[PDB]
Amino acid sequence: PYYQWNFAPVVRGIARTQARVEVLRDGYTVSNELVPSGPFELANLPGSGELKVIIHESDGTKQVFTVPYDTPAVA
Amino acid sequence: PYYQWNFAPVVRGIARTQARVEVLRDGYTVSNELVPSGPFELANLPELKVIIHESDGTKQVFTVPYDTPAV
Ligand SMILES: [Cl-]
């Protein structure tokens, strides 16, 4: 049994109210997590390209962002 | 919002039967869970002491060294 160095990808941000954070790829919804207000960290996600992150807030407001992603080469 | 890569190390090993694996980080119990026979990974953990109790009642204690890269 051994200790292994792994690197997991996450997307971090801030939610205004307590919200639903949706992660889209190419139109396809991949993540969907309800979070408390403030900072959030989204584990479990799908190379390189772009994600779309919508923060559906309690009052019906949608904070929409484009999140560029990339997988780094490791020796 | 931004994409980022977190250092997320794991303790890997092979359990012969449906086992219980306990991981100690210097005295404190850090992980204790039941695993099926075959390979196992232990994620999201707060030298390590890894104890593998197996179905037949046999137990082995391993000293697994751990390190964190400097950034
Ligand atoms: Cl929508």
# chains A, B, ... in the order shown; residues from 1 in each chain; ligands from 1
call {"tool": "residues_near_ligand", "arguments": {"ligand": "ligand 1", "cutoff": "8 Å", "atoms": "only C-alpha atoms and all ligand atoms", "output": "VMD selection string"}}
result
chain A and resid 54 56 62
call {"tool": "residues_around", "arguments": {"residues": "residue 61 of chain B", "least_positions_apart": "6", "cutoff": "9 Å", "atoms": "only C-alpha atoms", "output": "list in words"}}
result
residues 49, 50, 51, 52 and 53 of chain B
call {"tool": "residues_around", "arguments": {"residues": "residue 64 of chain A", "least_positions_apart": "3", "cutoff": "8 Å", "atoms": "only C-alpha atoms", "output": "PyMOL selection string"}}
result
chain A and resi 52-55
call {"tool": "write_last_selection", "arguments": {"atoms": "N, CA, C and O atoms", "output": "PDB file, in the first residue's frame"}}
result
ATOM      1  N   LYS A  52     -19.620  26.272 -19.266  1.00  0.00           N
ATOM      2  CA  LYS A  52     -20.551  27.358 -18.977  1.00  0.00           C
ATOM      3  C   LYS A  52     -21.121  27.152 -17.579  1.00  0.00           C
ATOM      4  O   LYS A  52     -21.678  26.097 -17.276  1.00  0.00           O
ATOM      5  N   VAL A  53     -20.963  28.157 -16.724  1.00  0.00           N
ATOM      6  CA  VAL A  53     -21.410  28.061 -15.336  1.00  0.00           C
ATOM      7  C   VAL A  53     -22.516  29.073 -15.052  1.00  0.00           C
ATOM      8  O   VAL A  53     -22.295  30.285 -15.113  1.00  0.00           O
ATOM      9  N   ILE A  54     -23.710  28.563 -14.757  1.00  0.00           N
ATOM     10  CA  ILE A  54     -24.846  29.406 -14.391  1.00  0.00           C
ATOM     11  C   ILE A  54     -25.116  29.269 -12.904  1.00  0.00           C
ATOM     12  O   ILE A  54     -25.289  28.157 -12.397  1.00  0.00           O
ATOM     13  N   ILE A  55     -25.143  30.400 -12.207  1.00  0.00           N
ATOM     14  CA  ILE A  55     -25.517  30.417 -10.799  1.00  0.00           C
ATOM     15  C   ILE A  55     -26.958  30.909 -10.665  1.00  0.00           C
ATOM     16  O   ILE A  55     -27.218  32.112 -10.685  1.00  0.00           O
TER      17      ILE A  55
END
call {"tool": "closest_residue", "arguments": {"among": "B:45, B:11, B:34, B:21", "to": "chain A", "atoms": "only C-alpha atoms"}}
result
B:11
call {"tool": "closest_residue", "arguments": {"among": "A:70, A:60, A:14, A:27", "to": "residue 40 of chain A", "atoms": "only C-alpha atoms"}}
result
A:14
call {"tool": "residues_around", "arguments": {"residues": "residue 7 of chain A", "least_positions_apart": "6", "cutoff": "7 Å", "atoms": "only C-alpha atoms", "output": "list in words"}}
result
residues 5, 6, 7 and 8 of chain B
call {"tool": "select_by_dssp", "arguments": {"residues": "segment 3-70 of chain B", "states": "strand (DSSP E or B)", "output": "PyMOL selection string"}}
result
chain B and resi 3-7+10-15+19-25+28-35+38-42+48-53+59-64
call {"tool": "interface_residues", "arguments": {"of": "chain A", "to": "chain B", "cutoff": "8 Å", "atoms": "only C-alpha atoms", "output": "PyMOL selection string"}}
result
chain A and resi 1-14+53+65+67-69
call {"tool": "atom_distance", "arguments": {"atom1": "atom CA of residue 31 of chain A", "atom2": "atom CA of residue 73 of chain A"}}
result
24.4 Å
call {"tool": "residues_around", "arguments": {"residues": "residue 17 of chain B", "least_positions_apart": "3", "cutoff": "9 Å", "atoms": "only C-alpha atoms", "output": "count of residues only"}}
result
7
call {"tool": "atom_distance", "arguments": {"atom1": "atom CA of residue 33 of chain B", "atom2": "atom CA of residue 44 of chain A"}}
result
21.1 Å
call {"tool": "residues_around", "arguments": {"residues": "residue 34 of chain A", "least_positions_apart": "5", "cutoff": "8 Å", "atoms": "only C-alpha atoms", "output": "number ranges by chain"}}
result
A: 18-21
call {"tool": "write_last_selection", "arguments": {"atoms": "N, CA, C and O atoms", "output": "PDB file, in the first residue's frame"}}
result
ATOM      1  N   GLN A  18     -28.419  31.468  -1.400  1.00  0.00           N
ATOM      2  CA  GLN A  18     -28.255  30.024  -1.513  1.00  0.00           C
ATOM      3  C   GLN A  18     -28.809  29.607  -2.874  1.00  0.00           C
ATOM      4  O   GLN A  18     -29.978  29.858  -3.182  1.00  0.00           O
ATOM      5  N   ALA A  19     -27.956  28.994  -3.692  1.00  0.00           N
ATOM      6  CA  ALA A  19     -28.241  28.854  -5.116  1.00  0.00           C
ATOM      7  C   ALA A  19     -28.026  27.452  -5.687  1.00  0.00           C
ATOM      8  O   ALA A  19     -27.562  26.544  -4.993  1.00  0.00           O
ATOM      9  N   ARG A  20     -28.392  27.299  -6.958  1.00  0.00           N
ATOM     10  CA  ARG A  20     -28.123  26.096  -7.734  1.00  0.00           C
ATOM     11  C   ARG A  20     -27.060  26.412  -8.775  1.00  0.00           C
ATOM     12  O   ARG A  20     -27.269  27.263  -9.644  1.00  0.00           O
ATOM     13  N   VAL A  21     -25.921  25.730  -8.687  1.00  0.00           N
ATOM     14  CA  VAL A  21     -24.835  25.938  -9.643  1.00  0.00           C
ATOM     15  C   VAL A  21     -24.833  24.848 -10.711  1.00  0.00           C
ATOM     16  O   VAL A  21     -24.603  23.672 -10.421  1.00  0.00           O
TER      17      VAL A  21
END
